[PDB]
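Undergrad: model-v3.cif is the file, holding mmCIF, C-alpha atoms and all ligand atoms:
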```
data_target
loop_
_atom_site.label_atom_id
_atom_site.label_comp_id
_atom_site.auth_asym_id
_atom_site.auth_seq_id
_atom_site.Cartn_x
_atom_site.Cartn_y
_atom_site.Cartn_z
CA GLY A 15 77.85 113.81 86.45
CA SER A 16 76.49 114.89 89.85
CA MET A 17 78.40 112.15 91.68
CA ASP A 18 81.67 112.45 89.71
CA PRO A 19 84.82 113.59 91.55
CA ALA A 20 86.62 116.67 90.25
CA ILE A 21 89.82 115.33 88.67
CA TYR A 22 92.20 118.29 88.35
CA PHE A 23 95.12 116.22 87.10
CA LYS A 24 95.67 112.57 86.24
CA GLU A 25 98.64 110.89 84.55
CA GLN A 26 99.24 107.16 84.09
CA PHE A 27 101.45 107.25 80.96
CA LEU A 28 99.24 104.79 79.05
CA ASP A 29 99.70 106.16 75.50
CA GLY A 30 103.39 105.69 74.60
CA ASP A 31 105.67 108.72 74.23
CA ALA A 32 102.74 111.11 73.81
CA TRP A 33 103.49 112.17 77.42
CA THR A 34 106.16 114.51 75.97
CA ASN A 35 103.25 116.71 74.83
CA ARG A 36 102.10 117.13 78.47
CA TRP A 37 105.34 117.41 80.44
CA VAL A 38 107.83 120.26 80.00
CA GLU A 39 111.59 119.84 80.45
CA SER A 40 113.11 122.82 82.28
CA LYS A 41 115.90 124.63 80.45
CA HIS A 42 117.28 126.38 83.56
CA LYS A 43 120.35 124.14 83.50
CA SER A 44 121.88 122.60 80.38
CA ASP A 45 122.79 119.31 82.09
CA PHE A 46 119.65 118.14 83.89
CA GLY A 47 119.19 114.37 84.03
CA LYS A 48 116.80 112.76 81.55
CA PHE A 49 113.43 111.25 82.44
CA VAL A 50 112.62 108.14 80.41
CA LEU A 51 109.38 106.19 79.90
CA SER A 52 110.02 102.84 81.59
CA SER A 53 108.33 99.87 83.25
CA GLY A 54 111.59 98.66 84.85
CA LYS A 55 113.37 95.33 85.28
CA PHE A 56 110.46 93.84 87.23
CA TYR A 57 106.82 95.00 87.20
CA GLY A 58 103.16 94.13 87.81
CA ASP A 59 102.19 94.72 84.19
CA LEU A 60 104.62 95.70 81.40
CA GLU A 61 102.40 98.44 79.94
CA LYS A 62 100.38 99.59 82.98
CA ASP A 63 103.46 100.15 85.14
CA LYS A 64 105.30 102.33 82.62
CA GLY A 65 106.21 105.63 84.29
CA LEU A 66 108.87 108.35 84.33
CA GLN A 67 112.24 106.90 85.32
CA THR A 68 115.35 108.88 86.26
CA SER A 69 117.89 107.54 83.77
CA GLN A 70 121.14 109.20 84.90
CA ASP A 71 123.21 109.06 88.10
CA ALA A 72 124.25 112.18 90.06
CA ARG A 73 121.94 114.65 88.31
CA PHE A 74 119.30 117.26 89.03
CA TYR A 75 115.86 116.61 87.52
CA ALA A 76 113.35 119.26 86.45
CA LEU A 77 110.16 118.19 84.69
CA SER A 78 106.65 119.58 85.20
CA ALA A 79 103.08 119.14 83.97
CA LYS A 80 100.51 121.94 83.79
CA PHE A 81 96.74 121.53 84.10
CA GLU A 82 93.62 123.74 84.18
CA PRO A 83 94.13 126.03 87.23
CA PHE A 84 91.92 125.57 90.32
CA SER A 85 91.56 126.70 93.94
CA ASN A 86 91.08 124.36 96.92
CA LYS A 87 89.07 126.90 98.95
CA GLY A 88 85.86 125.40 100.36
CA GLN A 89 86.81 121.82 99.42
CA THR A 90 89.25 118.98 100.05
CA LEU A 91 92.56 118.61 98.20
CA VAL A 92 94.11 115.19 97.61
CA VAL A 93 97.53 114.65 96.02
CA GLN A 94 98.52 111.10 95.11
CA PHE A 95 101.22 109.26 93.15
CA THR A 96 103.36 106.11 93.28
CA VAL A 97 107.12 106.01 93.84
CA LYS A 98 109.30 103.02 92.99
CA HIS A 99 112.97 103.15 94.00
CA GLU A 100 113.84 100.08 91.90
CA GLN A 101 117.59 100.85 92.19
CA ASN A 102 117.79 100.50 96.00
CA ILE A 103 118.43 104.23 96.34
CA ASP A 104 121.26 105.74 98.40
CA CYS A 105 120.31 109.42 98.13
CA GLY A 106 117.54 110.98 96.04
CA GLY A 107 114.21 112.83 96.11
CA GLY A 108 110.81 111.30 95.34
CA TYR A 109 108.55 114.25 96.20
CA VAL A 110 106.31 116.55 94.16
CA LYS A 111 105.79 120.31 94.13
CA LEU A 112 102.46 122.01 93.45
CA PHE A 113 102.87 125.47 91.90
CA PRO A 114 100.41 128.35 91.36
CA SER A 115 99.77 130.00 87.97
CA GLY A 116 102.71 131.95 86.53
CA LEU A 117 105.46 129.36 86.95
CA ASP A 118 108.03 129.44 84.16
CA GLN A 119 108.18 125.69 83.45
CA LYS A 120 111.31 126.22 81.34
CA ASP A 121 113.02 127.93 84.31
CA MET A 122 112.14 125.49 87.14
CA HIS A 123 115.00 124.39 89.43
CA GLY A 124 115.07 124.30 93.25
CA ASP A 125 111.91 126.41 93.09
CA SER A 126 110.65 127.68 96.46
CA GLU A 127 107.56 129.59 95.26
CA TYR A 128 105.30 126.53 95.28
CA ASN A 129 102.13 126.04 97.29
CA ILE A 130 102.81 122.53 98.64
CA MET A 131 105.75 120.11 98.60
CA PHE A 132 104.95 116.45 99.39
CA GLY A 133 106.61 113.03 99.26
CA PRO A 134 109.51 110.75 100.27
CA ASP A 135 113.09 111.91 100.50
CA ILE A 136 116.03 109.61 101.14
CA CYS A 137 119.63 110.63 101.80
CA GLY A 138 121.58 107.95 103.65
CA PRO A 139 120.04 105.83 106.44
CA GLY A 140 119.69 108.98 108.62
CA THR A 141 117.39 110.75 106.15
CA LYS A 142 114.29 108.73 105.32
CA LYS A 143 111.40 111.14 105.66
CA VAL A 144 108.15 112.12 103.97
CA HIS A 145 108.04 115.88 103.45
CA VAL A 146 104.83 117.85 103.99
CA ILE A 147 105.62 121.52 103.32
CA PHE A 148 103.20 124.46 103.17
CA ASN A 149 103.90 127.95 101.80
CA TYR A 150 102.56 130.59 104.22
CA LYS A 151 103.54 134.24 104.85
CA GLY A 152 106.28 133.85 102.21
CA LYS A 153 107.82 131.01 104.23
CA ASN A 154 108.05 127.30 103.42
CA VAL A 155 106.92 125.60 106.65
CA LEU A 156 107.88 121.98 107.33
CA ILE A 157 105.78 119.47 109.30
CA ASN A 158 106.75 119.05 112.97
CA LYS A 159 105.92 115.33 112.76
CA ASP A 160 108.42 112.63 111.74
CA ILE A 161 107.04 110.51 108.89
CA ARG A 162 109.14 107.54 107.78
CA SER A 163 109.36 106.80 104.05
CA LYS A 164 109.72 103.43 102.29
CA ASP A 165 113.26 102.38 101.34
CA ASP A 166 112.85 99.14 99.34
CA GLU A 167 112.70 98.41 95.58
CA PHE A 168 108.92 98.22 95.35
CA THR A 169 106.12 100.56 94.30
CA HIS A 170 104.55 102.54 97.13
CA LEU A 171 101.53 104.84 97.12
CA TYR A 172 101.88 108.29 98.72
CA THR A 173 98.75 110.33 99.56
CA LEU A 174 98.30 113.81 101.06
CA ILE A 175 94.78 114.88 102.04
CA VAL A 176 94.06 118.54 102.92
CA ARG A 177 90.58 119.40 104.21
CA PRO A 178 88.89 122.87 104.29
CA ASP A 179 88.60 122.71 108.10
CA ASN A 180 92.43 122.94 108.41
CA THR A 181 93.00 119.20 108.90
CA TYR A 182 95.35 116.90 106.99
CA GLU A 183 96.07 113.18 106.56
CA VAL A 184 99.08 111.30 105.16
CA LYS A 185 98.75 107.75 103.82
CA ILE A 186 101.35 105.30 102.57
CA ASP A 187 100.03 102.33 100.56
CA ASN A 188 96.42 103.47 101.20
CA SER A 189 96.96 103.27 104.97
CA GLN A 190 97.04 106.26 107.35
CA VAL A 191 100.51 106.93 108.76
CA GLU A 192 99.93 110.48 110.04
CA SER A 193 97.01 112.84 110.74
CA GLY A 194 96.08 116.04 112.60
CA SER A 195 95.54 119.79 112.31
CA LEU A 196 97.53 122.36 110.32
CA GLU A 197 97.70 124.74 113.32
CA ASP A 198 99.24 122.02 115.52
CA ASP A 199 101.76 120.16 113.32
CA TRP A 200 103.37 123.20 111.69
CA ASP A 201 104.87 126.49 112.90
CA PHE A 202 102.28 128.89 111.46
CA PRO A 301 93.63 130.97 114.41
CA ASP A 302 93.51 131.28 110.60
CA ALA A 303 90.69 129.27 109.02
CA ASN A 304 92.21 129.63 105.53
CA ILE A 305 95.78 128.25 105.94
CA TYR A 306 94.76 125.26 103.78
CA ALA A 307 93.58 127.46 100.91
CA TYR A 308 95.47 128.63 97.81
CA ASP A 309 94.32 130.93 94.99
CA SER A 310 95.66 128.74 92.17
CA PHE A 311 97.18 125.34 91.61
CA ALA A 312 98.41 125.03 88.01
CA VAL A 313 101.62 122.96 87.79
CA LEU A 314 102.96 119.74 89.35
CA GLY A 315 106.76 119.58 89.32
CA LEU A 316 109.45 116.93 89.68
CA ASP A 317 112.33 119.01 91.02
CA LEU A 318 114.90 116.61 92.48
CA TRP A 319 118.48 115.48 92.96
CA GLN A 320 119.49 111.80 92.82
CA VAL A 321 122.85 110.06 93.22
CA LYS A 322 121.80 106.51 92.26
CA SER A 323 119.08 107.05 89.62
CA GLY A 324 116.39 104.59 88.44
CA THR A 325 113.33 105.82 90.38
CA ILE A 326 109.98 105.41 88.60
CA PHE A 327 107.03 107.79 89.08
CA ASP A 328 103.50 106.77 88.06
CA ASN A 329 99.74 107.22 88.62
CA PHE A 330 99.59 110.92 89.51
CA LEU A 331 96.25 112.11 90.88
CA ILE A 332 95.08 115.53 92.03
CA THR A 333 91.42 115.43 93.08
CA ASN A 334 88.87 116.85 95.54
CA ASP A 335 87.59 113.41 96.57
CA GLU A 336 89.20 111.33 99.35
CA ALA A 337 87.19 108.20 98.59
CA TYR A 338 88.02 108.35 94.89
CA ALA A 339 91.75 108.74 95.58
CA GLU A 340 91.49 105.58 97.70
CA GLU A 341 89.58 103.75 94.92
CA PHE A 342 92.05 104.95 92.29
CA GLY A 343 94.93 104.00 94.61
CA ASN A 344 93.61 100.43 94.85
CA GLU A 345 92.86 100.24 91.09
CA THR A 346 96.41 101.41 90.47
CA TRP A 347 98.98 100.69 93.23
CA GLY A 348 96.79 97.87 94.61
CA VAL A 349 96.87 95.92 91.33
CA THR A 350 100.61 96.61 90.86
CA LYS A 351 101.74 95.28 94.25
CA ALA A 352 101.25 91.49 94.17
CA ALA A 353 102.31 90.82 90.55
CA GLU A 354 105.40 93.04 90.96
CA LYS A 355 106.56 91.23 94.12
CA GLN A 356 105.84 87.94 92.30
CA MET A 357 108.00 88.87 89.28
CA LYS A 358 110.83 90.08 91.55
CA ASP A 359 110.68 86.87 93.61
CA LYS A 360 110.96 84.93 90.34
CA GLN A 361 114.03 86.80 89.03
CA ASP A 362 115.73 86.20 92.39
CA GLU A 363 116.65 82.66 91.23
CA CA B 1 101.54 103.74 84.26
#
```
Could you spell out this file's structure in structure tokens?

TA:
Amino acid sequence: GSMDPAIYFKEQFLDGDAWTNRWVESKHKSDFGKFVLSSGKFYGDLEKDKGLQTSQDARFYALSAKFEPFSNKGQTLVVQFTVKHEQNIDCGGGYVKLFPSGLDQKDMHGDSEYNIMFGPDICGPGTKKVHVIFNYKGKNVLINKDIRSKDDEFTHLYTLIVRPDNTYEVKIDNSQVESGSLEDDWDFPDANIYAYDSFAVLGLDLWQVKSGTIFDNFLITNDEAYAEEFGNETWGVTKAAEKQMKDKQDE
């Protein structure tokens, strides 16, 4: 329809283990850790809150999902997903990578030829940051701003908005935490820094010591307002009932 958002990618893991038809395990290493479909020990809803959980301690993870390729030139790009560190994590990634066409999904590991890297990373109390990394001039450029990530056991929504006028916005739990211009907050005037020829693959390319992190409700769209709606329909419905079930079990 004329007022529909473009939904480039969406994944909520609502249909059992049919997700294995959409996500590709990388074969680069023989001993990657295994992702598992799980809702956890405590949850908002048993079926709705099923996501990909890291099932093994002290392992690299390499899983990716492809979608119909698109370019963000001339329009907004929004990347959204939920991260739940149910384990009370010591050290481990919770970020995504957005790759252009031509990625060997079976060869993905520590891949640097992505367009954008985004999301929480935790490694001891001294590392508790949200990455926002852009590929430009063959260099992966990190944000000059310090964004603090969530460190508890609960589900949190992470949102990156990239606009065609070289502006960005970061939200945690549907609330702005950081905002500005791409020329100012990175070490890159070029009107097309924001723009990439193809997005084709979203990758989970991580190391964790204490595993048990759940990933859910992935959204790549061109609509800010829809991401916010979807965030509330998704993370916003999870939050209260999850806290409630956890509070219960704590006795
Ligand atoms: Ca789900």

Undergrad: When the cut-off is 6 Å and you count only C-alpha atoms and all ligand atoms, which residues lie near ligand CA 1 (chain B), shown as a compact mmCIF listing (two decimals) with C-alpha atoms, in the coordinates of the input?

TA:
```
# COMPACT_ATOMS: atom_id res chain seq x y z
CA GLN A 26 99.24 107.16 84.09
CA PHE A 27 101.45 107.25 80.96
CA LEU A 28 99.24 104.79 79.05
CA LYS A 62 100.38 99.59 82.98
CA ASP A 63 103.46 100.15 85.14
CA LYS A 64 105.30 102.33 82.62
CA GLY A 65 106.21 105.63 84.29
CA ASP A 328 103.50 106.77 88.06
CA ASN A 329 99.74 107.22 88.62
```

Undergrad: Any idea what the distance is between CA of residue 111 (chain A) and CA of residue 129 (chain A)?

TA: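 A separation of 7.5 Å between them.
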
Undergrad: For the atom pair CA of residue 102 (chain A) and CA of residue 317 (chain A), what is the interatomic distance in Å to one decimal place?

TA: 19.9 Å

Undergrad: Which residues are close to residue 140 (chain A), i.e. within 12 Å by all atoms listed in the file, leaving aside same-chain residues fewer than 2 positions away? Reply as a ChimeraX atom specification.

TA: /A:104-105,135-138,142-143,162-163,165

Undergrad: Store the residues picked out above, limited to C-alpha atoms, as a compact mmCIF listing (two decimals), in the coordinates of the input.

TA:
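Written file, out-v3.txt:
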```txt
# COMPACT_ATOMS: atom_id res chain seq x y z
CA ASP A 104 121.26 105.74 98.40
CA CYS A 105 120.31 109.42 98.13
CA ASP A 135 113.09 111.91 100.50
CA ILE A 136 116.03 109.61 101.14
CA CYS A 137 119.63 110.63 101.80
CA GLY A 138 121.58 107.95 103.65
CA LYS A 142 114.29 108.73 105.32
CA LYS A 143 111.40 111.14 105.66
CA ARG A 162 109.14 107.54 107.78
CA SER A 163 109.36 106.80 104.05
CA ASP A 165 113.26 102.38 101.34
```

Undergrad: Calculate how many Å separate CA of residue 306 (chain A) from CA of residue 96 (chain A), rounding to one decimal.

TA: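 Going from CA of residue 306 (chain A) over to CA of residue 96 (chain A), I get 23.5 Å.
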
Undergrad: Find the residues around residue 148 (chain A) up to 10 Å (all atoms listed in the file counted), leave out those fewer than 5 positions away in its own chain, and share them as an MDAnalysis selection string.

TA: chainID A and resid 128:132 153:157 196 200 202 305:306

Undergrad: Using only C-alpha atoms, determine which residues lie at most 7 Å from residue 332 (chain A), disregarding the query and same-chain residues fewer than 6 positions distant; provide the list as a PyMOL selection string.

TA: chain A and resi 21-24+92-94

Undergrad: Write to file, as a PDB file, keeping the file's coordinate frame, the residues of the selection just made, with C-alpha atoms.

TA:
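Saved as again-v1.pdb:
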```
ATOM      1  CA  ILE A  21      89.820 115.330  88.670  1.00  0.00           C
ATOM      2  CA  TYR A  22      92.200 118.290  88.350  1.00  0.00           C
ATOM      3  CA  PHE A  23      95.120 116.220  87.100  1.00  0.00           C
ATOM      4  CA  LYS A  24      95.670 112.570  86.240  1.00  0.00           C
ATOM      5  CA  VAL A  92      94.110 115.190  97.610  1.00  0.00           C
ATOM      6  CA  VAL A  93      97.530 114.650  96.020  1.00  0.00           C
ATOM      7  CA  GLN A  94      98.520 111.100  95.110  1.00  0.00           C
TER       8      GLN A  94
END
```

Undergrad: What lies within 12 Å of residue 354 (chain A) using all atoms listed in the file, ignoring chain neighbours under 3 positions off, as number ranges by chain?

TA: A: 53-60, 62-63, 98, 100, 167-170, 347-351, 357-361

Undergrad: Per residue of region 180-360 of chain A within 12 Å of region 67-83 of chain A, which atom pair is closest and at what distance in Å (one decimal), using all atoms listed in the file, listed by chain and increasing number, as JSON lines?

TA:
```
{"residue": "A:308", "atom": "CA", "partner": "A:83", "partner_atom": "CA", "distance": 11.0}
{"residue": "A:309", "atom": "CA", "partner": "A:83", "partner_atom": "CA", "distance": 9.2}
{"residue": "A:310", "atom": "CA", "partner": "A:83", "partner_atom": "CA", "distance": 5.8}
{"residue": "A:311", "atom": "CA", "partner": "A:83", "partner_atom": "CA", "distance": 5.4}
{"residue": "A:312", "atom": "CA", "partner": "A:83", "partner_atom": "CA", "distance": 4.5}
{"residue": "A:313", "atom": "CA", "partner": "A:80", "partner_atom": "CA", "distance": 4.3}
{"residue": "A:314", "atom": "CA", "partner": "A:79", "partner_atom": "CA", "distance": 5.4}
{"residue": "A:315", "atom": "CA", "partner": "A:78", "partner_atom": "CA", "distance": 4.1}
{"residue": "A:316", "atom": "CA", "partner": "A:77", "partner_atom": "CA", "distance": 5.2}
{"residue": "A:317", "atom": "CA", "partner": "A:76", "partner_atom": "CA", "distance": 4.7}
{"residue": "A:318", "atom": "CA", "partner": "A:75", "partner_atom": "CA", "distance": 5.1}
{"residue": "A:319", "atom": "CA", "partner": "A:74", "partner_atom": "CA", "distance": 4.4}
{"residue": "A:320", "atom": "CA", "partner": "A:72", "partner_atom": "CA", "distance": 5.5}
{"residue": "A:321", "atom": "CA", "partner": "A:72", "partner_atom": "CA", "distance": 4.1}
{"residue": "A:322", "atom": "CA", "partner": "A:71", "partner_atom": "CA", "distance": 5.1}
{"residue": "A:323", "atom": "CA", "partner": "A:71", "partner_atom": "CA", "distance": 4.8}
{"residue": "A:324", "atom": "CA", "partner": "A:68", "partner_atom": "CA", "distance": 4.9}
{"residue": "A:325", "atom": "CA", "partner": "A:67", "partner_atom": "CA", "distance": 5.3}
{"residue": "A:326", "atom": "CA", "partner": "A:67", "partner_atom": "CA", "distance": 4.3}
{"residue": "A:327", "atom": "CA", "partner": "A:67", "partner_atom": "CA", "distance": 6.5}
{"residue": "A:328", "atom": "CA", "partner": "A:67", "partner_atom": "CA", "distance": 9.2}
{"residue": "A:330", "atom": "CA", "partner": "A:79", "partner_atom": "CA", "distance": 10.5}
{"residue": "A:331", "atom": "CA", "partner": "A:81", "partner_atom": "CA", "distance": 11.6}
{"residue": "A:332", "atom": "CA", "partner": "A:81", "partner_atom": "CA", "distance": 10.1}
```

Undergrad: Between A:183, A:25, A:197, A:340, single out the one closest to residue 171 (chain A), counting only C-alpha atoms.

TA: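 Of A:183, A:25, A:197, A:340, the one nearest residue 171 (chain A), counting only C-alpha atoms, is A:340.
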
Undergrad: Compute the distance from (110.6, 110.8, 98.6) to each atom, counting all atoms listed in the file, keep the residues with any atom at most 6 Å away, and return them as a VMD selection string; use the coordinates of the file.

TA: chain A and resid 107 to 109 133 to 135

Undergrad: With distances taken over only C-alpha atoms, which of A:356, A:158, A:344, A:44 is nearest to residue 123 (chain A)?

TA: A:44

Undergrad: Excluding residue 335 (chain A) and residues on its chain fewer than 5 positions from it, collect all residues at most 12 Å away from it, counting only C-alpha atoms, and give them as a list in words.

TA: residues 17, 18, 19, 20, 21, 22, 86, 89, 90, 91, 92, 93, 94, 173, 174, 175, 176, 177, 340, 341 and 342 of chain A

Undergrad: For each of A:159, A:164, A:41, A:120, take the minimum atom-to-atom distance to residue 201 (chain A), counting all atoms listed in the file, then give the residue where this is smallest.

TA: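 Once distances to residue 201 (chain A) are computed over all atoms listed in the file, the minimum belongs to A:159.
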
Undergrad: Nearest to residue 51 (chain A): which of A:39, A:33, A:145, A:180 is it, counting all atoms listed in the file?

TA: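 The closest residue to residue 51 (chain A) is A:33.
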
Undergrad: Nearest to residue 178 (chain A): which of A:48, A:87, A:43, A:355 is it, counting all atoms listed in the file?

TA: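 Once distances to residue 178 (chain A) are computed over all atoms listed in the file, the minimum belongs to A:87.
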
Undergrad: My list of candidates is A:103, A:187, A:195, A:42. Which is closest to residue 124 (chain A) when distances are computed with all atoms listed in the file?

TA: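 Among the listed residues, the smallest separation from residue 124 (chain A) belongs to A:42.
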
Undergrad: Select region 105-192 of chain A in the preceding structure and write C-alpha atoms to a file as a compact mmCIF listing (two decimals), in the first residue's frame.

TA:
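Below you can see out19.txt, which holds the result:
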```
# COMPACT_ATOMS: atom_id res chain seq x y z
CA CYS A 105 32.16 -10.54 28.52
CA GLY A 106 30.34 -10.94 25.19
CA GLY A 107 29.07 -9.18 22.08
CA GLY A 108 25.44 -8.28 21.35
CA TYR A 109 25.87 -6.29 18.14
CA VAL A 110 24.88 -6.87 14.51
CA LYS A 111 26.74 -6.45 11.21
CA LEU A 112 25.10 -5.34 7.97
CA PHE A 113 26.89 -6.71 4.89
CA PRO A 114 26.62 -5.85 1.17
CA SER A 115 25.92 -8.41 -1.57
CA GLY A 116 28.67 -10.99 -2.14
CA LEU A 117 29.26 -12.08 1.45
CA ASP A 118 30.15 -15.76 1.77
CA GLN A 119 27.78 -16.65 4.62
CA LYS A 120 29.58 -19.98 5.08
CA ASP A 121 32.90 -18.12 5.52
CA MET A 122 31.85 -15.35 7.96
CA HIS A 123 34.08 -14.79 11.02
CA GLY A 124 35.46 -11.49 12.36
CA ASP A 125 34.38 -9.99 9.03
CA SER A 126 35.44 -6.37 8.47
CA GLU A 127 33.92 -5.82 5.01
CA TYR A 128 30.49 -4.88 6.35
CA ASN A 129 28.64 -1.61 5.81
CA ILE A 130 27.54 -0.95 9.40
CA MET A 131 28.20 -2.53 12.81
CA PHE A 132 25.75 -1.65 15.60
CA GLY A 133 24.87 -2.74 19.14
CA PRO A 134 25.97 -3.38 22.74
CA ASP A 135 29.31 -4.85 23.67
CA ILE A 136 30.30 -5.83 27.20
CA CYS A 137 33.73 -6.94 28.39
CA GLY A 138 34.20 -6.40 32.12
CA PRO A 139 32.85 -3.32 33.95
CA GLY A 140 35.26 -1.08 31.96
CA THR A 141 33.75 -2.05 28.59
CA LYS A 142 30.03 -1.38 28.39
CA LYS A 143 29.50 0.44 25.12
CA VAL A 144 27.14 0.59 22.16
CA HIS A 145 29.10 0.39 18.92
CA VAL A 146 28.15 2.51 15.91
CA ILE A 147 30.66 1.73 13.14
CA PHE A 148 30.61 2.92 9.52
CA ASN A 149 32.69 1.57 6.63
CA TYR A 150 34.16 4.47 4.62
CA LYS A 151 37.26 4.74 2.38
CA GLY A 152 38.04 1.09 3.20
CA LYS A 153 38.20 1.96 6.91
CA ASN A 154 35.87 0.95 9.75
CA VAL A 155 35.22 4.23 11.58
CA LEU A 156 34.01 4.17 15.20
CA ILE A 157 31.72 6.78 16.80
CA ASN A 158 33.50 9.49 18.81
CA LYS A 159 30.61 9.51 21.32
CA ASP A 160 30.44 7.27 24.41
CA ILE A 161 27.16 5.34 24.50
CA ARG A 162 26.51 3.20 27.58
CA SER A 163 24.88 -0.20 27.07
CA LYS A 164 22.51 -2.09 29.38
CA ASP A 165 24.09 -4.69 31.69
CA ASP A 166 21.14 -6.41 33.44
CA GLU A 167 19.25 -9.67 32.73
CA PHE A 168 16.32 -8.05 30.92
CA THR A 169 15.32 -7.49 27.30
CA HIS A 170 16.39 -4.16 25.84
CA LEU A 171 15.58 -2.58 22.49
CA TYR A 172 18.45 -1.17 20.41
CA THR A 173 17.72 1.18 17.48
CA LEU A 174 20.00 2.89 14.95
CA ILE A 175 18.46 5.50 12.64
CA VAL A 176 20.43 6.81 9.63
CA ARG A 177 18.91 9.67 7.62
CA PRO A 178 19.77 10.73 4.01
CA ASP A 179 20.85 14.19 5.24
CA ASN A 180 23.85 12.63 7.06
CA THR A 181 22.22 12.59 10.51
CA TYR A 182 21.86 9.66 12.92
CA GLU A 183 20.02 8.74 16.12
CA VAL A 184 20.56 5.97 18.68
CA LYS A 185 17.73 4.76 20.93
CA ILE A 186 17.69 2.29 23.80
CA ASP A 187 14.25 1.01 24.87
CA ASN A 188 12.57 3.38 22.36
CA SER A 189 14.20 6.40 24.01
CA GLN A 190 16.89 8.61 22.42
CA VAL A 191 20.30 8.19 24.07
CA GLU A 192 22.44 9.78 21.34
```
